[PDB]
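Protein chains in written order, with the numbering used here: chain A, 1 to 447; chain B, 1001 to 1451; chain C, 2001 to 2586. The C-beta atom is built at its ideal place from N, Cα and C for all residues, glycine as well. Just below is one structure, and these are the notes that go with it.
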Amino acid sequence: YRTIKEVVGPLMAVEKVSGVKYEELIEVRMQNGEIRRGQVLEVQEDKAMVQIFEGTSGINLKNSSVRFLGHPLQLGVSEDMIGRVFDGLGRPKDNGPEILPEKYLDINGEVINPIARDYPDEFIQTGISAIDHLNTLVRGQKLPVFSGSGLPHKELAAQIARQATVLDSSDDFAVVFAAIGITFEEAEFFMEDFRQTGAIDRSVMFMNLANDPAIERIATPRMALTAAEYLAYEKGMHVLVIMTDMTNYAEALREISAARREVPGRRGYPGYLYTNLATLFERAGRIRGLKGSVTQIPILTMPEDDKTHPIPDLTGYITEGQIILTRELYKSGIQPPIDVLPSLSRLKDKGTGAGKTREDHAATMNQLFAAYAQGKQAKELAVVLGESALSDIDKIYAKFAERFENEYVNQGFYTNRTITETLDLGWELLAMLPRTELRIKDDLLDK
Amino acid sequence: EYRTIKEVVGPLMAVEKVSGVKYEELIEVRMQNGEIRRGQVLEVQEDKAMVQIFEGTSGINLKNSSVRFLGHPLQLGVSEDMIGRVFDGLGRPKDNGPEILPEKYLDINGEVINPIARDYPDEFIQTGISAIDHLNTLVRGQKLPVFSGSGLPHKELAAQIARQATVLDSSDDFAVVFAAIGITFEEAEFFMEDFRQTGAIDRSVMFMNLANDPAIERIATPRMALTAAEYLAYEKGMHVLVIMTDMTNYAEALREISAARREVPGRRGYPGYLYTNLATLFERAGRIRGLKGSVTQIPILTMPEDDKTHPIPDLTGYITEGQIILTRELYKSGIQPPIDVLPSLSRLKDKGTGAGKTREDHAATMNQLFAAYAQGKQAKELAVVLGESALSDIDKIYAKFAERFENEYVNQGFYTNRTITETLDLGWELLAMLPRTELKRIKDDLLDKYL
Amino acid sequence: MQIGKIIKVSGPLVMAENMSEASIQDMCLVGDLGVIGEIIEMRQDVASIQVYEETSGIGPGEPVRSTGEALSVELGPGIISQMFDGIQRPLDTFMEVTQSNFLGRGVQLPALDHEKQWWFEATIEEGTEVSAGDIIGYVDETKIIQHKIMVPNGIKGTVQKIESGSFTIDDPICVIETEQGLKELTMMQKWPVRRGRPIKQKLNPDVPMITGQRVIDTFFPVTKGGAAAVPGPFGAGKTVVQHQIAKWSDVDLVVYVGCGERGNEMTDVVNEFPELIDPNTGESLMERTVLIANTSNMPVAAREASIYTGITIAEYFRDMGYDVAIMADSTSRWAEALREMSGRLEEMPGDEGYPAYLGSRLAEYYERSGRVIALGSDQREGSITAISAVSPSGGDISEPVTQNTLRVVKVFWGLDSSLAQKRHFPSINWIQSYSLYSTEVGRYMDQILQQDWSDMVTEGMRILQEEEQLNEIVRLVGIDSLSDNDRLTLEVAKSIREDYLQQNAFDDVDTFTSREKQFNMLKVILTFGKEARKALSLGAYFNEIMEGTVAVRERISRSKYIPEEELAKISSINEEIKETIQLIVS
């Protein structure tokens, strides 16, 4: 098809074409001989309008050809994927072996039948005391991490990837890691940390940079998730998906939407945002009759720290809870800076207690919450005037919350705590108070 | 009848090859199955006519359907037998009796009253409520609305004013036009209960429009009732009173249709013409020179999130000749009805006070009860701000007065009627608690007459 | 029908020519793959279809077939004990046929079973003058509910041939000669979801429904045909409240709709619900339940259709004269589908991104439920009682969906996770929550219980509201700052809080409480009220009244455990008060 009619920015209009389909891959043979790949964004009787991945610069319309590849964006799935690093479209950026794929899969996949899902069963020990204890992660869950620009979410991400394990199964998670539109220093942090710890042996990495095409960014989460579902539901592996940063996906999504001349809904994002996000996020869980599973830790930055911003808002409704990272804590030097007040895991009740973790799990978590509650209420009322507004009991709460934030949550991004250790240190932090301020009847269980 | 439907886009439909179709004209749609649907001509241009169908365009086949062009805009079949009857938003036999054979058909938009032909609101309507009769006097012809909120008892008050409303001369030619706008079936049924229990039905036409009725029917509802109202007021010559519930429910429908037509949303999401559109409804109230009998309007609106600077209450405020406020704070205390008289006002009140209409003393009693109740509230204010000892003896009595003013005066229950005489009698009684020296707003000769 | 032709595929928007016979809202099988779609606009023969499935790999030239109807449901034998999505796809069946755990693109499967044999039992004799809503026979469908076969809307004539026998829902079971000719009636009928089923008359829902749950039946009751809305803050035992209603309530059937919930959260409804035991039969609660399931993952049309399909089913059982309960959770996710739907249609947005006709959609929904007179000669009375959960993002009141629901519905049970942190179950906030049916329930309750029940309930409400009055004062100063007269009242309400309001869903006896038992428990604490107030007024002091009555107040704590058989056990509390009060006269 030598019938390039128009070029308007990235977009290109091919006429008198034959039997093309929406979201089909193309190649553009330029008159110099250079080849650029592209995707169909729209098709009509005569015409079909496309967007060029690389960009449109330096193309003579007359003497350039368009080849229609016949298929959408595909991932060549293989078990030689473990230990490899790919780009946002699945080409290798590591210079290893060939990677001859067992087969090619569409990157959208198919919705899990709502009655084919299985309850998220088993406890995942992330090694992080604010998660494993207060906001417990369960295999098959979707537990995201809300953060902000210039916060250590980067670090947390790599930690959960290196530390997370299920208790006594000798099963290791395969870690599918996807980076969407992150800087170099950001991508290098990750790939280095995985090589420095042997974490890459357990991982398949999809690495998309901020200066990569906007259409590649959008592909990356779907690319990574297709490899996850593959390893999990065709190879029967327990898979843990970590993806950052979703804001960058949504941002890239706006770029194409505005390119397809689509009128945005709430807050300038597409109407179909919710579906798009659900489409990605609900590619997870256990499946009745299948060995493998997909757990999902999505990571996003909250633009201007606004909770009601569509990106953290819509993600709220879809995922079972969320993990919050405040500037207030990171500036106080908290590692990791998890604010447990707004933080929640909606499934924590499925895998905690006798024979799962330990007996005291619930009580401590609930007792630590309301003690830390008044703890930060005493601190904000301490600036009313002190100490003429702090009583004998109030003093112990600002003294509780300070040590709670410093000694309990603030553990450092390379410290790996067990559930044994987390509850013990929680007991000993609780021990700061008299047995009157309630915690079960046998509270003398640990002292 | 034209068989040429070219387009349907959402609730909007484009019919080509038409002739002499007029703007605002009424249509009907014969569907391929047999179903009939009413509609409006929004915009007519060339041989094309673009229309919006009331019940929506859901499940229409374009090829095998047809349109009839009625040649006349919205119309209400009027007759004097309409009294005691219940019609819908489009004014059809909703109460199951003998079908009405209308004298004529009036366009619901009616017509503007010539400013010179207009007679100024004069005389008095006995509402039955002390806080409206005495301090914010409703005057035949006036526009006087109710400012409310969600879960407040405006519905109770609407049902009460409809019953206790009557004139102080020939009560024989007094009627009430009641409009239900976008209310729930059980809200409707409540009004049907209170109407056919005290027999206010026997002097009233009812227009019952529902929350799930097509939005355009909700828009039409008040214009039908007002067409029915002017007809009974000039044509038949009666002092007619109009009650219309949840004006907010009206505006909700207005912005819903406005958005369907892809209209540019004005302030707070409502159309730029919100002011004017409401005026084509409220200004219909008033009197006419030489013509006996008048139209008076009592619209009801719930203030969204109690906000008075909200478009609904504000733009109504900018039109009407005063306002009647219902506050949370007073319904909280069990005062029925919860009327705060401080933020309320009737502008044309002085045309229904003095001898003949009510009583000569009316003026001073109203202006003394206000000036007192105001200071009694200012006392109630510093009462629990600097301790109840900071307000002296002079202050203390006034605070006891405001206390009895709400419980006994403003509170009167939704089922006990009060005549102006009773209102004035009880008014002087509460006033008694003050020394004759502090009662300075009243001159000497008005005083010596009332025990 | 005519085969149409794709002329443009832009994102989820499809253009097609030849669509001249199709109507607006007609459902389509777009493209070769044949994905689900709905006609939104027509220009000439060119239709504009919204496709609610991955449109990738769909190009022009491909065909577009119309189903020939708007979104409908198949109604008949094989519908109870079934799990569907918002567009009524058999989720069980889907697995067996696709042999897959995944909902594949454009795979189409009949809603009910067209190959299952049933015993159709005729109950109307030949030569009968019939109309819509008349019973022509019955099928004993489950171990509980009997499927009454009804005359479809539109048919009116005379029965020529009727036999009892074993037929599929595709076999003719009847021959009725109408004014047109022979029209065979089958076992199943269809119905557009968005259009409400016809009725003879709508009547006020005045018959209160026994939910067994104390705080509801007593203080915030819903009538059979009334509607209630519930906030859904996390950890407030919402599912527990839902399930109790779903079983204890004296409705014949239950319709549950999951609008568009979190995957794993949706699986909890799927697992838990069938394992609910029907209070009366002992059989699975499914045997009288139709359940709708929708992950957020589901096609947006399905998420939007969710409550409409649900209530269309709920109505088809109401026409049989049964009492039906429809539960949807949440209606916020539904509204969230409407919002997206609005966005994709390029409409002028209303408030906070919702379409301007949101309040209208809700009114359209909540007014389809009520006490009715069904069609047919029998003039049978059915009802739909509506229970809807709302999850307002950050748990909020301001949000439009909540405000518009609360503008049309009568009852509001406000779940509070602070009262759940205080271990108060069920977690309903007695101050915030309300029921408009209260003063109406007084009429029916005083009538049927021969007592002053309304005088009792509204008194308890003066006490509980006065508690919050005093709790503001107690927390203000200290405790002794109140004379014995206040100090008494604070405990009276505490007795209501722990002995009447607090109810355990799991305890074999406390799980459900009937009218008498409820009336009694309410009275025997109210009998304590007036008696001790006369005791304190004539000299006797606070401390004297309390320390000694412990023999009966720790036996008042037991009231909620007395079996229904042992009526007079609580009735005898009215005696022990009059004696122990006479002990303080010495």
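Which residue marks the beginning of the alpha helix (DSSP H) containing residue 1228 of chain B, and which one marks its end? Counting from one through the second sequence, the residue named residue 1228 of chain B turns up at place 228. Note, residue 1228 of chain B: alpha helix (DSSP H), 1215-1230.
Going by CA-CA distance only, name the one from A:331, A:396, A:416 that's closest to residue 430 of chain A. The count along the first sequence starts at 1 and reaches residue 430 of chain A at position 430. Of the candidates A:331, A:396, A:416, the one whose C-alpha sits nearest the C-alpha of residue 430 of chain A is A:396.
Counting along the chain, where does the alpha helix (DSSP H) carrying residue 2192 of chain C start and finish? By 1-based counting over the third sequence, the position of residue 2192 of chain C is 192. Unbroken run through residue 2192 of chain C is the beta strand (DSSP E), 2189-2192; no alpha helix (DSSP H).
Residue ranges of each alpha helix (DSSP H) run of no fewer than 4 residues wholly in the segment 2235-2268 of chain C, ordered along the chain? 2238-2248
Local Cβ density within 10 Å of residue 156 of chain A, reported as buried at 16 or more and exposed below that: Residue numbering aside, residue 156 of chain A sits at position 156 when the first sequence is read from its first letter. Classification for residue 156 of chain A: buried.
Given residue 1102 of chain B, which residues of its chain have a CB within under 7 Å of its CB, disregarding the five upstream and five downstream residues? Stepping through the second sequence from its first residue, residue 1102 of chain B is reached at position 102. Taken in chain order, the residues that qualify are 1077, 1078, 1079.
Provide the residue span of the alpha helix (DSSP H) that contains residue 1452 of chain B, from first to last. Not covered by the structure: residue 1452 of chain B. The range shown for chain B is 1001 to 1451.
State the beta-bridge partners of residue 1106 of chain B as determined by DSSP. Looking up residue 1106 of chain B in the second sequence gives position 106. According to DSSP, residue 1106 of chain B bridges with B:1076.
Along the segment 88-121 of chain A, where does the CB come closer than 9 Å to a CB of chain C? Name the residues. 106, 108, 109, 110, 111, 112, 113, 114, 115, 116, 117, 118, 119, 120
Can you tell me whether residue 2119 of chain C is helix, strand or coil according to DSSP? Position 119 of the third sequence, counted from the start, is the residue given in the question as residue 2119 of chain C. Looking at residue 2119 of chain C - three-state DSSP - the assignment turns out to be strand.
Examine chain A for any beta-carbon lying closer than 8 Å to the beta-carbon of residue 2080 of chain C, and answer yes or no. Position 80 of the third sequence, counted from the start, is the residue given in the question as residue 2080 of chain C. So, not an interface residue.
Using alpha carbons as the reference points, say which of B:1271, B:1213, B:1275, B:1295 lies closest to residue 2349 of chain C. What you label residue 2349 of chain C is simply residue 349 of the third sequence in a count that begins at 1. The shortest Cα separation from residue 2349 of chain C among B:1271, B:1213, B:1275, B:1295 belongs to B:1271.
Counting C-beta neighbours from all protein chains within 10 Å, is the total for residue 2004 of chain C 16 or more, i.e. buried, or is it exposed? Here the question's residue 2004 of chain C lines up with position 4 in the third sequence. Per the 10 Å Cβ criterion, buried.
Identify, in the order they occur along the chain, each residue of the same chain with its Cβ nearer than 6 Å to the Cβ of residue 2235 of chain C, setting aside the five sequence neighbours on each side. Numbered from its first residue, the third sequence carries residue 2235 of chain C at position 235. Only 2417, 2420 meet the Cβ criterion.
Segment contact flag, the segment 1213-1231 of chain B with the segment 1159-1171 of chain B, C-beta cutoff 8 Å, min 3 pairs: no
Flag this pair as yes or no: are the beta carbons of residue 2098 of chain C and residue 22 of chain A separated by less than 8 Å? By 1-based counting over the third sequence, the position of residue 2098 of chain C is 98. By 1-based counting over the first sequence, the position of residue 22 of chain A is 22. The answer is no: Cβ separation not under 8 Å.
Suppose only complete runs of 3+ residues qualify. What are the beta strand (DSSP E) ranges in the segment 1310-1359 of chain B, listed by chain order? 1322-1326, 1339-1346
Could you compute how far the alpha carbon of residue 1135 of chain B sits from the alpha carbon of residue 1414 of chain B? Counting from one through the second sequence, the residue named residue 1135 of chain B turns up at place 135. Counting from one through the second sequence, the residue named residue 1414 of chain B turns up at place 414. Distance between the alpha carbons of residue 1135 of chain B and residue 1414 of chain B: 19 Å.
When burial is assigned at 16 or more other CB atoms within 10 Å of the CB, is residue 2256 of chain C buried or exposed? Within the third sequence, the letter at position 256 stands for residue 2256 of chain C. That one is buried.
Is the Cβ-Cβ distance between residue 2410 of chain C and residue 2449 of chain C less than 8 Å? In the third sequence, the residue the question calls residue 2410 of chain C occupies position 410. In the third sequence, the residue the question calls residue 2449 of chain C occupies position 449. No. Outside cutoff.
Between the segment 1019-1037 of chain B and the segment 1047-1064 of chain B, can you find at least three pairs of beta-carbon atoms closer than 8 Å? yes
With a threshold of 16 other CB atoms inside 10 Å of the CB of residue 1357 of chain B, please say whether the residue is buried or exposed. As a first step, residue 1357 of chain B is located in the second sequence; it is residue number 357 there, counting from the start. Buried.
If you measure between the beta carbons of residue 1175 of chain B and residue 1209 of chain B, is that distance less than 8 Å? Along the second sequence, read from residue 1 onward, the residue named residue 1175 of chain B stands at position 175. Along the second sequence, read from residue 1 onward, the residue named residue 1209 of chain B stands at position 209. It is not a contact, given that the beta carbons lie outside the stated cut-off.
Tell me, please, which residues DSSP counts as bridged to residue 2068 of chain C. Working through the third sequence from its first residue, we reach residue 2068 of chain C at position 68. In the DSSP output, where bridge partners are listed per residue, residue 2068 of chain C has none listed.
Please name the residue, chosen from A:239, A:297, A:405, A:302, that lies closest to residue 251 of chain A on a Cα-to-Cα basis. Residue numbering aside, residue 251 of chain A sits at position 251 when the first sequence is read from its first letter. The shortest C-alpha separation from residue 251 of chain A is found at A:302.
Excluding five sequence neighbours on each side, which residues of the same chain lie with their C-beta closer than 7 Å to the C-beta of residue 1094 of chain B? Taking the first residue of the second sequence as 1, we reach residue 1094 of chain B at position 94. Here the set comprises 1086, 1087, 1088, 1208.
Local Cβ density within 10 Å of residue 1160 of chain B, reported as buried at 16 or more and exposed below that: Here residue 1160 of chain B is taken as the residue at index 160 of the second sequence, counted from 1. Residue 1160 of chain B comes out buried.
Check whether the Cβ of residue 2020 of chain C lies closer than 8 Å to any Cβ atom in chain B. Taking the first residue of the third sequence as 1, we reach residue 2020 of chain C at position 20. True, the Cβ-Cβ gap to chain B drops below 8 Å.
Taking Cβ to Cβ, would you say residue 83 of chain A is nearer than 8 Å to residue 200 of chain A? Here residue 83 of chain A is taken as the residue at index 83 of the first sequence, counted from 1. Here residue 200 of chain A is taken as the residue at index 200 of the first sequence, counted from 1. Yes.
Alpha carbon to alpha carbon, what distance is there between residue 2492 of chain C and residue 2553 of chain C? Looking up residue 2553 of chain C in the third sequence gives position 553. Looking up residue 2492 of chain C in the third sequence gives position 492. If I take the Cα positions, the gap works out to 11 Å.
Given residue 1236 of chain B, which residues of its chain have a CB within under 7 Å of its CB, disregarding the five upstream and five downstream residues? Working through the second sequence from its first residue, we reach residue 1236 of chain B at position 236. Correct list, in chain order: 1080.
Pick from A:311, A:19, A:71: whose alpha carbon is nearest that of residue 148 of chain A? Within the first sequence, residue 148 of chain A is the residue found at index 148, counting from 1. Among A:311, A:19, A:71, the Cα nearest to that of residue 148 of chain A is on A:311.
Min CB distance residue 2267 of chain C to chain A below 8 Å: Residue numbering aside, residue 2267 of chain C sits at position 267 when the third sequence is read from its first letter. Closer than 8 Å to some Cβ of chain A, the Cβ of residue 2267 of chain C qualifies, so yes.
CB contact check: residue 2423 of chain C to chain A, cutoff 8 Å: Locating residue 2423 of chain C in the third sequence gives position 423, where the first residue counts as 1. No, residue 2423 of chain C does not count as interfacial toward chain A.
Using beta carbons (cut-off 8 Å, strictly below), is residue 1387 of chain B in contact with chain C? Sequence index remark: in the second sequence, residue 1387 of chain B carries index 387 (1-based). Chain C, which has no Cβ nearer than 8 Å to the Cβ of residue 1387 of chain B, makes this no.
Which residues in chain C have a C-beta closer than 7 Å to the C-beta of residue 1060 of chain B? List them in chain order. Locating residue 1060 of chain B in the second sequence gives position 60, counting from the first residue. Going along chain C in sequence order, the residues near residue 1060 of chain B (Cβ under 7 Å) are 2023, 2024.
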